[PDB]
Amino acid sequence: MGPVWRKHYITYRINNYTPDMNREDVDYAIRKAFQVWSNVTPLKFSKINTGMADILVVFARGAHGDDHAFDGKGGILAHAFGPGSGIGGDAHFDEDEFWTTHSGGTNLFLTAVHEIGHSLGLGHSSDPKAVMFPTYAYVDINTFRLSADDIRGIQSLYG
């Protein structure tokens, strides 16, 4: 019962890139994270490089211009705004983390799946196997799956 996008075509734009990973791997992690949610909804996501994207993806540090300051390495990993204009939908990742493609540091793909869930209107889950559980855990991204609770939540908002 959060806000929802009132359309099924949603654009995203990567505002800037963490130096922790190469550009190609950031693009891949974000694209695959959107695909997790498009696989179970009517939503489609396209990446744009200019113009007026719905979901801006940002890496930033500490106090970074909104009311949700980051805390250095550890603790908060990222945060995201629910659907809406302007800053609505945007997903912010704490650059004081070490973002990775793998099990070390903080896995960008898994964090992005969680944050995009918020960007689409989801809240938190009580299921410890749900990607929308409040605290991060690494799972083999090659075999990652949304939990049945995640699919229930997002199918209740769209379709």
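For every residue, the number given is its place in the sequence shown, counted from 1.
Stretch comparison (19-27 versus 140-148) by mean CA B-factor in the PDB entry places 140-148 on top. If you average the C-alpha B-factors over 61-69 and over 37-45, the higher value belongs to 61-69. Note on the listed residues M52, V131, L120, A112: the highest Cα temperature factor in the record is that of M52.
Ranked against the other modelled residues of its chain, the C-alpha B-factor of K32 as given in the entry falls in the middle third.
Remark: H124 belongs to the middle third of its chain, ranked by C-alpha B-factor as recorded. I154: CA B factor in the lowest third of modelled residues in this chain (values from the PDB entry). When the CA B factors of the chain's modelled residues are split into thirds, the value for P83 lands in the middle one.
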